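Engineer: My file is upload29.txt. It has compact mmCIF, N, CA and C atoms:
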# COMPACT_ATOMS: atom_id res chain seq x y z
N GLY P 1 192.59 133.28 -167.80
CA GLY P 1 191.61 134.35 -167.79
C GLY P 1 190.22 133.82 -167.42
N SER P 2 189.23 134.69 -167.58
CA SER P 2 187.86 134.32 -167.26
C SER P 2 187.78 133.75 -165.85
N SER P 3 187.49 134.64 -164.90
CA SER P 3 187.38 134.24 -163.51
C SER P 3 185.91 134.20 -163.09
N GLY P 4 185.44 132.99 -162.82
CA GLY P 4 184.06 132.80 -162.41
C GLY P 4 183.98 132.39 -160.94
N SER P 5 184.44 133.29 -160.08
CA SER P 5 184.42 133.03 -158.65
C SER P 5 184.34 134.35 -157.88
N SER P 6 185.40 135.14 -158.00
CA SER P 6 185.46 136.42 -157.33
C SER P 6 185.68 136.22 -155.83
N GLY P 7 184.76 135.49 -155.22
CA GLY P 7 184.84 135.21 -153.80
C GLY P 7 185.61 133.92 -153.53
N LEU P 8 185.10 132.84 -154.09
CA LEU P 8 185.73 131.54 -153.93
C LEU P 8 187.25 131.70 -154.00
N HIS P 9 187.67 132.63 -154.84
CA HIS P 9 189.09 132.90 -155.01
C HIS P 9 189.73 133.18 -153.65
N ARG P 10 189.15 134.15 -152.96
CA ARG P 10 189.65 134.53 -151.65
C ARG P 10 189.55 133.35 -150.68
N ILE P 11 188.69 132.41 -151.03
CA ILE P 11 188.48 131.23 -150.20
C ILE P 11 189.59 130.21 -150.50
N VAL P 12 189.87 130.05 -151.78
CA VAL P 12 190.90 129.11 -152.20
C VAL P 12 192.25 129.56 -151.65
N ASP P 13 192.54 130.84 -151.85
CA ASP P 13 193.80 131.40 -151.38
C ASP P 13 194.01 131.00 -149.92
N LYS P 14 192.93 131.06 -149.16
CA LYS P 14 192.98 130.71 -147.75
C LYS P 14 193.32 129.22 -147.61
N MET P 15 192.55 128.40 -148.31
CA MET P 15 192.76 126.97 -148.27
C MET P 15 194.18 126.61 -148.69
N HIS P 16 194.70 127.39 -149.63
CA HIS P 16 196.05 127.16 -150.13
C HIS P 16 197.05 127.29 -148.98
N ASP P 17 196.61 127.95 -147.92
CA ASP P 17 197.45 128.14 -146.76
C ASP P 17 197.24 126.98 -145.78
N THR P 18 198.22 126.81 -144.90
CA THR P 18 198.16 125.74 -143.92
C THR P 18 197.93 126.32 -142.52
N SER P 19 198.33 127.57 -142.36
CA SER P 19 198.18 128.25 -141.09
C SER P 19 196.70 128.57 -140.83
N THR P 20 196.21 129.55 -141.57
CA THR P 20 194.82 129.95 -141.44
C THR P 20 193.94 129.16 -142.40
N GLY P 21 194.59 128.49 -143.34
CA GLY P 21 193.88 127.69 -144.32
C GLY P 21 193.43 126.36 -143.73
N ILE P 22 193.02 125.46 -144.61
CA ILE P 22 192.57 124.14 -144.19
C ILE P 22 193.78 123.30 -143.78
N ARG P 23 193.49 122.07 -143.37
CA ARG P 23 194.54 121.16 -142.95
C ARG P 23 194.11 119.71 -143.21
N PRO P 24 194.48 119.21 -144.42
CA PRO P 24 194.14 117.85 -144.80
C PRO P 24 195.04 116.84 -144.08
N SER P 25 194.65 115.58 -144.17
CA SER P 25 195.40 114.52 -143.54
C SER P 25 194.71 113.17 -143.77
N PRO P 26 195.51 112.08 -143.62
CA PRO P 26 194.99 110.74 -143.81
C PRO P 26 194.12 110.31 -142.63
N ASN P 27 192.92 109.84 -142.94
CA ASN P 27 191.99 109.40 -141.92
C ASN P 27 191.81 107.89 -142.02
N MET P 28 192.01 107.38 -143.23
CA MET P 28 191.88 105.95 -143.47
C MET P 28 190.48 105.47 -143.09
N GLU P 29 189.50 105.90 -143.87
CA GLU P 29 188.12 105.52 -143.63
C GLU P 29 187.96 104.00 -143.74
N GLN P 30 188.11 103.51 -144.96
CA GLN P 30 187.99 102.08 -145.22
C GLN P 30 188.93 101.67 -146.35
N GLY P 31 190.22 101.71 -146.05
CA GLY P 31 191.23 101.34 -147.03
C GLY P 31 192.03 102.56 -147.48
N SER P 32 193.05 102.30 -148.29
CA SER P 32 193.89 103.37 -148.80
C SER P 32 194.43 104.21 -147.64
N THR P 33 195.21 105.22 -147.99
CA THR P 33 195.79 106.10 -147.00
C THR P 33 195.24 107.52 -147.15
N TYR P 34 195.00 107.89 -148.40
CA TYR P 34 194.47 109.22 -148.70
C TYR P 34 195.37 110.31 -148.11
N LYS P 35 196.35 110.72 -148.90
CA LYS P 35 197.27 111.75 -148.47
C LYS P 35 196.78 113.11 -148.97
N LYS P 36 196.66 114.05 -148.03
CA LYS P 36 196.21 115.39 -148.37
C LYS P 36 194.69 115.37 -148.58
N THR P 37 193.98 114.94 -147.55
CA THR P 37 192.53 114.87 -147.61
C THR P 37 191.92 115.39 -146.31
N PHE P 38 190.82 116.11 -146.46
CA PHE P 38 190.12 116.66 -145.31
C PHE P 38 188.67 116.20 -145.27
N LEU P 39 188.21 115.89 -144.07
CA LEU P 39 186.84 115.43 -143.88
C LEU P 39 185.88 116.52 -144.34
N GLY P 40 184.76 116.08 -144.90
CA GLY P 40 183.75 117.00 -145.38
C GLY P 40 183.39 118.04 -144.32
N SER P 41 183.21 117.55 -143.10
CA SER P 41 182.87 118.42 -141.99
C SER P 41 184.01 119.41 -141.73
N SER P 42 185.23 118.93 -141.91
CA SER P 42 186.40 119.75 -141.70
C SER P 42 186.33 121.00 -142.58
N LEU P 43 185.87 120.80 -143.81
CA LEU P 43 185.74 121.89 -144.76
C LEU P 43 184.58 122.79 -144.34
N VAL P 44 183.41 122.17 -144.20
CA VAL P 44 182.22 122.90 -143.81
C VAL P 44 182.54 123.79 -142.61
N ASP P 45 182.97 123.14 -141.53
CA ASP P 45 183.31 123.86 -140.31
C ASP P 45 184.31 124.97 -140.65
N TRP P 46 185.28 124.62 -141.48
CA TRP P 46 186.30 125.57 -141.89
C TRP P 46 185.60 126.77 -142.52
N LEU P 47 184.99 126.52 -143.67
CA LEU P 47 184.28 127.57 -144.38
C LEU P 47 183.58 128.48 -143.38
N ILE P 48 182.89 127.85 -142.43
CA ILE P 48 182.17 128.60 -141.41
C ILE P 48 183.18 129.35 -140.54
N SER P 49 184.11 128.60 -139.97
CA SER P 49 185.13 129.18 -139.12
C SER P 49 185.84 130.33 -139.85
N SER P 50 185.86 130.21 -141.17
CA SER P 50 186.50 131.22 -142.00
C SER P 50 185.59 132.44 -142.14
N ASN P 51 184.33 132.24 -141.77
CA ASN P 51 183.35 133.31 -141.85
C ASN P 51 182.81 133.40 -143.28
N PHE P 52 182.97 132.30 -144.01
CA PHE P 52 182.50 132.25 -145.38
C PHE P 52 181.08 131.70 -145.45
N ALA P 53 180.67 131.05 -144.38
CA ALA P 53 179.33 130.48 -144.31
C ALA P 53 178.72 130.79 -142.94
N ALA P 54 177.40 130.75 -142.89
CA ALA P 54 176.69 131.02 -141.66
C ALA P 54 176.32 129.69 -140.98
N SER P 55 176.01 128.71 -141.82
CA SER P 55 175.64 127.40 -141.32
C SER P 55 176.23 126.31 -142.22
N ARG P 56 176.30 125.11 -141.67
CA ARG P 56 176.84 123.98 -142.41
C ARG P 56 176.39 124.04 -143.87
N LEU P 57 175.15 124.48 -144.06
CA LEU P 57 174.59 124.59 -145.39
C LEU P 57 175.47 125.52 -146.24
N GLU P 58 175.44 126.80 -145.88
CA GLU P 58 176.22 127.79 -146.59
C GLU P 58 177.62 127.25 -146.90
N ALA P 59 178.11 126.42 -145.99
CA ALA P 59 179.42 125.82 -146.15
C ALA P 59 179.34 124.66 -147.14
N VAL P 60 178.31 123.85 -146.96
CA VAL P 60 178.10 122.70 -147.83
C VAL P 60 178.10 123.17 -149.29
N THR P 61 177.40 124.26 -149.53
CA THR P 61 177.31 124.82 -150.87
C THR P 61 178.65 125.44 -151.28
N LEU P 62 179.24 126.16 -150.34
CA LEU P 62 180.52 126.81 -150.59
C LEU P 62 181.56 125.75 -150.95
N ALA P 63 181.44 124.60 -150.30
CA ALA P 63 182.37 123.50 -150.54
C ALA P 63 182.14 122.96 -151.96
N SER P 64 180.89 122.60 -152.22
CA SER P 64 180.53 122.07 -153.53
C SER P 64 180.89 123.07 -154.62
N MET P 65 180.92 124.34 -154.24
CA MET P 65 181.25 125.40 -155.17
C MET P 65 182.73 125.35 -155.56
N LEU P 66 183.56 125.07 -154.57
CA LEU P 66 184.99 124.98 -154.80
C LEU P 66 185.29 123.81 -155.74
N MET P 67 184.66 122.68 -155.44
CA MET P 67 184.85 121.49 -156.24
C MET P 67 184.56 121.77 -157.72
N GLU P 68 183.52 122.56 -157.94
CA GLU P 68 183.12 122.91 -159.29
C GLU P 68 184.19 123.78 -159.95
N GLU P 69 184.66 124.76 -159.20
CA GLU P 69 185.68 125.66 -159.70
C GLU P 69 186.95 124.88 -160.05
N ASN P 70 186.98 123.63 -159.61
CA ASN P 70 188.13 122.78 -159.87
C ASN P 70 189.18 123.00 -158.79
N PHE P 71 188.70 123.30 -157.59
CA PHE P 71 189.59 123.54 -156.47
C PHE P 71 189.69 122.30 -155.57
N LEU P 72 188.60 121.55 -155.53
CA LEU P 72 188.56 120.34 -154.72
C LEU P 72 187.81 119.25 -155.49
N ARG P 73 187.85 118.05 -154.94
CA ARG P 73 187.19 116.91 -155.56
C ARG P 73 186.82 115.87 -154.50
N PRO P 74 185.75 115.09 -154.81
CA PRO P 74 185.29 114.05 -153.90
C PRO P 74 186.23 112.84 -153.92
N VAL P 75 186.39 112.23 -152.76
CA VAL P 75 187.25 111.07 -152.63
C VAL P 75 186.39 109.83 -152.36
N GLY P 76 187.07 108.72 -152.15
CA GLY P 76 186.39 107.47 -151.88
C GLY P 76 185.42 107.61 -150.70
N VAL P 77 184.94 106.47 -150.22
CA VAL P 77 184.01 106.46 -149.10
C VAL P 77 182.90 107.48 -149.36
N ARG P 78 182.26 107.90 -148.28
CA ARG P 78 181.19 108.87 -148.37
C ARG P 78 181.52 109.94 -149.42
N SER P 79 180.47 110.56 -149.93
CA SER P 79 180.63 111.60 -150.93
C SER P 79 181.25 111.00 -152.20
N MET P 80 180.43 110.25 -152.93
CA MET P 80 180.88 109.63 -154.16
C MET P 80 179.74 108.86 -154.83
N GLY P 81 180.02 108.39 -156.04
CA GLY P 81 179.03 107.64 -156.79
C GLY P 81 178.54 108.45 -158.00
N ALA P 82 177.37 109.05 -157.83
CA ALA P 82 176.78 109.84 -158.89
C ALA P 82 177.32 111.27 -158.82
N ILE P 83 178.63 111.38 -159.01
CA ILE P 83 179.28 112.68 -158.96
C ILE P 83 179.14 113.37 -160.32
N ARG P 84 178.52 114.54 -160.29
CA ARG P 84 178.31 115.31 -161.51
C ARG P 84 178.90 116.71 -161.36
N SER P 85 179.60 117.13 -162.40
CA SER P 85 180.22 118.45 -162.40
C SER P 85 179.66 119.29 -163.54
N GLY P 86 178.33 119.31 -163.63
CA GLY P 86 177.66 120.07 -164.67
C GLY P 86 177.15 121.40 -164.13
N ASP P 87 176.18 121.31 -163.22
CA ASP P 87 175.60 122.50 -162.62
C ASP P 87 176.15 122.66 -161.20
N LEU P 88 175.91 123.84 -160.65
CA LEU P 88 176.38 124.14 -159.30
C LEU P 88 176.02 122.98 -158.37
N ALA P 89 174.73 122.72 -158.26
CA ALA P 89 174.25 121.64 -157.42
C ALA P 89 174.89 121.77 -156.03
N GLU P 90 174.55 120.82 -155.17
CA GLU P 90 175.08 120.81 -153.82
C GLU P 90 175.57 119.40 -153.45
N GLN P 91 176.27 118.79 -154.39
CA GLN P 91 176.80 117.46 -154.18
C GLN P 91 177.96 117.49 -153.19
N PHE P 92 177.61 117.41 -151.91
CA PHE P 92 178.61 117.43 -150.86
C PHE P 92 177.96 117.26 -149.48
N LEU P 93 178.44 116.26 -148.76
CA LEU P 93 177.91 115.97 -147.44
C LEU P 93 178.74 116.73 -146.39
N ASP P 94 178.19 116.81 -145.19
CA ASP P 94 178.86 117.51 -144.11
C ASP P 94 179.04 116.55 -142.93
N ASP P 95 179.97 115.62 -143.09
CA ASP P 95 180.25 114.64 -142.05
C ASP P 95 181.76 114.43 -141.94
N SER P 96 182.13 113.41 -141.19
CA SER P 96 183.53 113.09 -140.99
C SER P 96 184.00 112.12 -142.08
N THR P 97 183.17 111.12 -142.34
CA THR P 97 183.48 110.13 -143.34
C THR P 97 183.83 110.80 -144.67
N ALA P 98 182.87 111.55 -145.19
CA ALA P 98 183.06 112.25 -146.45
C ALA P 98 184.44 112.90 -146.46
N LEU P 99 185.14 112.71 -147.57
CA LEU P 99 186.47 113.27 -147.72
C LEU P 99 186.53 114.09 -149.01
N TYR P 100 187.59 114.88 -149.12
CA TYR P 100 187.78 115.72 -150.30
C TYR P 100 189.24 116.17 -150.42
N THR P 101 189.67 116.33 -151.66
CA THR P 101 191.04 116.76 -151.93
C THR P 101 191.05 117.89 -152.95
N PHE P 102 192.18 118.57 -153.02
CA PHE P 102 192.33 119.68 -153.95
C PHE P 102 192.52 119.18 -155.38
N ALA P 103 191.82 119.83 -156.30
CA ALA P 103 191.90 119.46 -157.70
C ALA P 103 193.20 120.00 -158.29
N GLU P 104 193.94 119.11 -158.94
CA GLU P 104 195.20 119.48 -159.56
C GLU P 104 194.95 120.32 -160.81
N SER P 105 193.68 120.39 -161.19
CA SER P 105 193.30 121.16 -162.37
C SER P 105 192.97 122.60 -161.97
N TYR P 106 194.01 123.41 -161.89
CA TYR P 106 193.84 124.81 -161.52
C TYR P 106 195.16 125.57 -161.65
N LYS P 107 195.13 126.83 -161.25
CA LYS P 107 196.31 127.67 -161.31
C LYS P 107 197.33 127.19 -160.28
N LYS P 108 198.37 126.54 -160.79
CA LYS P 108 199.42 126.03 -159.93
C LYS P 108 200.78 126.27 -160.59
N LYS P 109 201.44 127.33 -160.13
CA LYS P 109 202.74 127.69 -160.67
C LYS P 109 203.64 126.45 -160.68
N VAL P 110 204.68 126.52 -161.50
CA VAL P 110 205.61 125.41 -161.61
C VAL P 110 206.97 125.95 -162.07
N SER P 111 208.02 125.28 -161.61
CA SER P 111 209.37 125.68 -161.97
C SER P 111 209.45 125.99 -163.46
N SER P 112 209.48 127.28 -163.77
CA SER P 112 209.55 127.72 -165.15
C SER P 112 210.39 129.00 -165.24
N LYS P 113 211.70 128.81 -165.20
CA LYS P 113 212.61 129.94 -165.28
C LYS P 113 212.51 130.77 -164.01
N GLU P 114 213.04 130.21 -162.93
CA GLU P 114 213.01 130.88 -161.64
C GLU P 114 213.70 130.03 -160.58
N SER P 115 214.02 130.67 -159.46
CA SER P 115 214.69 129.98 -158.37
C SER P 115 213.80 128.85 -157.85
N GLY P 116 214.25 127.63 -158.08
CA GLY P 116 213.51 126.46 -157.64
C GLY P 116 214.04 125.95 -156.30
N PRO P 117 213.14 125.24 -155.56
CA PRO P 117 213.50 124.69 -154.26
C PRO P 117 214.39 123.46 -154.42
N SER P 118 214.87 122.97 -153.28
CA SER P 118 215.74 121.80 -153.28
C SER P 118 214.89 120.53 -153.15
N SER P 119 215.54 119.40 -153.40
CA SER P 119 214.87 118.12 -153.31
C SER P 119 215.59 117.21 -152.31
N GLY P 120 214.93 116.12 -151.96
CA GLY P 120 215.49 115.17 -151.02
C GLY P 120 215.67 113.79 -151.67
Using C-alpha cells, write down the structure from this file.
Structural biologist:
Amino acid sequence: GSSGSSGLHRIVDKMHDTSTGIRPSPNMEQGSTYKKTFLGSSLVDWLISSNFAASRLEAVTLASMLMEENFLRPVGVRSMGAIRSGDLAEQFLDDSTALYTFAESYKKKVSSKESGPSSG
C-alpha cells in the first residue's frame, strides 16, 4: 500500500518492459560484467524518448526519482560514492559511464500458488 509515485509507476511499468521499456546490458566500464545495467544516458534519453522528460534534466531527475522509489540503483564506476537515499535530490549523472540497475526492493511477484515457468 501507500503509493508515493502515481506517475513514476507508469514509468516503471514501461521500464519493466523490454520492447518499449528500457534495455540494460553489460558495458564493462572498468571491471566486472554488470548484468542487467543501463548507461545513465540510456535512461535519461529513454525517459525523454518516453516523453517523460523534456530535457536531460527532467530525465536526470526522473531517473533519480526512480532510484528513490526503489526502482533503480547506482552501480560502480561513475555515479557512486556519496550516494544518499534520504531526500529526492538529483544524485544521477547523464553520461555513458554512469550505470544503473533495477532495485530488487519493490513489487516483484513470485511463484506463490500459481502456474510457474520452466527451468533450464
Engineer: Would you list the contacts of stretch 73-76 of chain P as a list in words, taking every protein, DNA or RNA residue within 8 Å and counting only C-alpha atoms, but skipping same-chain residues closer than 2 positions in sequence?
Structural biologist: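 Near stretch 73-76 of chain P, the qualifying residues are residues 67, 70, 71, 78, 79, 80, 83, 98, 99, 100, 101, 102 and 103 of chain P.
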Engineer: Excluding stretch 36-45 of chain P and its own-chain neighbours fewer than 4 positions away, which residues fall within 6.5 Å of it when counting all atoms listed in the file? Please give them as a ChimeraX atom specification.
Structural biologist: /P:23-26,49-50,56,59-60,93-102
Engineer: Enter the distance from atom CA of residue P:51 to atom CA of residue P:86, in Å, rounded to one decimal.
Structural biologist: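 Taking atom CA of residue P:51 and atom CA of residue P:86, their separation equals 27.0 Å.
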Engineer: Just to confirm, what's the straight-line distance from atom CA of residue P:7 to atom CA of residue P:22 in Å (one decimal)?
Structural biologist: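 Atom-to-atom, atom CA of residue P:7 and atom CA of residue P:22 are spaced 16.6 Å apart.
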Engineer: Atom C of residue P:89 and atom C of residue P:108, how far apart in Å?
Structural biologist: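 Separation of atom C of residue P:108 and atom C of residue P:89: 26.7 Å.
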Engineer: For each of P:30, P:82, P:72, P:65, take the minimum atom-to-atom distance to residue P:105, counting only N, CA and C atoms, then give the residue where this is smallest.
Structural biologist: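 Of the candidates, the smallest distance to residue P:105 is held by P:72.
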Engineer: Assuming the input is short of atoms at stretch 7-21 of chain P, produce N, CA, C and O atoms for that part as a compact mmCIF listing (two decimals), in the coordinates of the input.
Structural biologist:
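This is the output file out.txt:
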# COMPACT_ATOMS: atom_id res chain seq x y z
N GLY P 7 184.76 135.49 -155.22
CA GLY P 7 184.84 135.21 -153.80
C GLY P 7 185.61 133.92 -153.53
O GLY P 7 186.63 133.93 -152.84
N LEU P 8 185.10 132.84 -154.09
CA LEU P 8 185.73 131.54 -153.93
C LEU P 8 187.25 131.70 -154.00
O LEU P 8 187.99 131.00 -153.31
N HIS P 9 187.67 132.63 -154.84
CA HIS P 9 189.09 132.90 -155.01
C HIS P 9 189.73 133.18 -153.65
O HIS P 9 190.71 132.54 -153.28
N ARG P 10 189.15 134.15 -152.96
CA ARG P 10 189.65 134.53 -151.65
C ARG P 10 189.55 133.35 -150.68
O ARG P 10 190.23 133.32 -149.65
N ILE P 11 188.69 132.41 -151.03
CA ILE P 11 188.48 131.23 -150.20
C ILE P 11 189.59 130.21 -150.50
O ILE P 11 190.14 129.62 -149.58
N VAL P 12 189.87 130.05 -151.78
CA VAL P 12 190.90 129.11 -152.20
C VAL P 12 192.25 129.56 -151.65
O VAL P 12 192.98 128.76 -151.07
N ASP P 13 192.54 130.84 -151.85
CA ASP P 13 193.80 131.40 -151.38
C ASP P 13 194.01 131.00 -149.92
O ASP P 13 195.12 130.66 -149.52
N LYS P 14 192.93 131.06 -149.16
CA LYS P 14 192.98 130.71 -147.75
C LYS P 14 193.32 129.22 -147.61
O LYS P 14 194.25 128.86 -146.89
N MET P 15 192.55 128.40 -148.31
CA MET P 15 192.76 126.97 -148.27
C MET P 15 194.18 126.61 -148.69
O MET P 15 194.77 125.66 -148.18
N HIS P 16 194.70 127.39 -149.63
CA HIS P 16 196.05 127.16 -150.13
C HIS P 16 197.05 127.29 -148.98
O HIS P 16 198.17 126.79 -149.08
N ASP P 17 196.61 127.95 -147.92
CA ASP P 17 197.45 128.14 -146.76
C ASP P 17 197.24 126.98 -145.78
O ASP P 17 196.23 126.29 -145.85
N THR P 18 198.22 126.81 -144.90
CA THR P 18 198.16 125.74 -143.92
C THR P 18 197.93 126.32 -142.52
O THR P 18 197.41 125.64 -141.64
N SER P 19 198.33 127.57 -142.36
CA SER P 19 198.18 128.25 -141.09
C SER P 19 196.70 128.57 -140.83
O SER P 19 196.07 127.93 -140.00
N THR P 20 196.21 129.55 -141.57
CA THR P 20 194.82 129.95 -141.44
C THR P 20 193.94 129.16 -142.40
O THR P 20 192.71 129.18 -142.29
N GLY P 21 194.59 128.49 -143.34
CA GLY P 21 193.88 127.69 -144.32
C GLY P 21 193.43 126.36 -143.73
O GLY P 21 193.47 126.17 -142.51
